[PDB]
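Peer 1: So I've got this experimental structure, pasted below with the sequence.
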Amino acid sequence: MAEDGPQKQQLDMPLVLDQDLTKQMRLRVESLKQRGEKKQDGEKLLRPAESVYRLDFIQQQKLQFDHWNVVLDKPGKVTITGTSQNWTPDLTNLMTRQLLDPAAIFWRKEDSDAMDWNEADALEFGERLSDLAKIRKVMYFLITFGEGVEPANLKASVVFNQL
């Protein structure tokens with residue numbers, strides 16, 4: 001319950017995964033209800049490399065979109081790709097550099113509670129957030145568990161301080 005802002009309003013909303021992968025994450029909620037025994041929280045499914053980021057639009061306009069601490073059921077990192085709505089993470093994933101893609105990256109190691117945030121790329125993505133004001137209808141983005149590793153179980157967390 002740490003107060004990130006001057007004790008004002010705090011709006012922290014987690015972000016969901018691609019619908020297919022989310023099929024394994026939300027299925028997690030059911031895992032705890034039926035046989036949540038060996039059903040680990042992560043997503044033990046071999047998926048290509050695409051997680052969507054879906055969250056209602058926090059249309060506060062007083063929104064302090066600041067933290068994008070994203071995690072995986074395993075200490076590691078994941079890649080964030082900012083593309084247009086003509087690119088679906090479900091039908092596509094981290095595409096080449098021909099598409100507009102500012103690659104921002106977050107790395108969370110629990111054996112090393114250190115987070116490496118590549119912002120120069122996320123700064124360009126800062127401009128992408130303004131475009132959100134044009135997609136103010138919802139939050140949608142592309143993600144990809146680094147093909148070869150298992151973040152196909154990325155449970156993201158966003159801590160913003162609402163003004």
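Peer 2: All right, it came through fine. Numbers count the residues shown, from 1 in each chain.

Peer 1: Tell me who's in contact with residue 157.
Peer 2: 12, 14-15, 67, 69-71 (CB atoms under 8 Å, 6 or more residues apart in numbering). Using the backbone N, CA and C atoms, a C-beta is placed for each residue, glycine as well.

Peer 1: Can you add distance to residue 127 and neighbour count and give those back as TSV?
Peer 2: Below are those laid out as TSV (distance: CB to CB, whole Å; neighbours: other CB atoms under 10 Å):
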residue	distance to residue 127	neighbour count
12	23	13
14	24	11
15	19	19
67	19	15
69	21	13
70	20	25
71	26	19
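
Peer 1: Check which helix or strand the residue nearest the centre of the chain maps to.
Peer 2: Taking CA atoms, centre = their mean as the criterion, residue 156 is the residue nearest the geometric centre of the chain, at 4.5 Å. For residue 156, the host element (DSSP states H and E) is strand 155-157.

Peer 1: Give me the distance from that strand to the chain's centre.
Peer 2: Strand 155-157 sits 6 Å away from the centroid of its parent chain (CA atoms, centre = their mean, to the nearest Å).

Peer 1: next structured bit after it?
Peer 2: That would be, after strand 155-157 and using DSSP H and E, strand 159-160.

Peer 1: helices or strands up against that following strand?
Peer 2: In terms of contacts (3 or more CB pairs under 8 Å, 6 or more residues apart in numbering; DSSP states H and E), strand 159-160 is packed against strand 11-12.

Peer 1: Parallel or antiparallel, which strands does the strand it packs on pair with?
Peer 2: Strand pairing for strand 11-12, using DSSP bridges, gives strand 159-160 (antiparallel).

Peer 1: what about the partner strand, distance to the chain center?
Peer 2: With CA atoms, centre = their mean, you get 13 Å for strand 159-160.

Peer 1: Give me the contacts around it.
Peer 2: 4, 10-13, 58, 63-67, 69.

Peer 1: nearest to residue 135, of these?
Peer 2: Closest approach between these and residue 135, by CB to CB: residue 58, at 12.4 Å.

Peer 1: Give me the contacts around stretch 124-134.
Peer 2: 57, 65, 80, 82, 102, 104, 139.

Peer 1: count of residues packed around residue 75?
Peer 2: Residue 75 has 13 neighbours, counted by other CB atoms under 10 Å.

Peer 1: surely it meets residue 110?
Peer 2: Yes. In this structure, residue 75 is within contact of residue 110 by CB atoms under 8 Å, at 4.8 Å.
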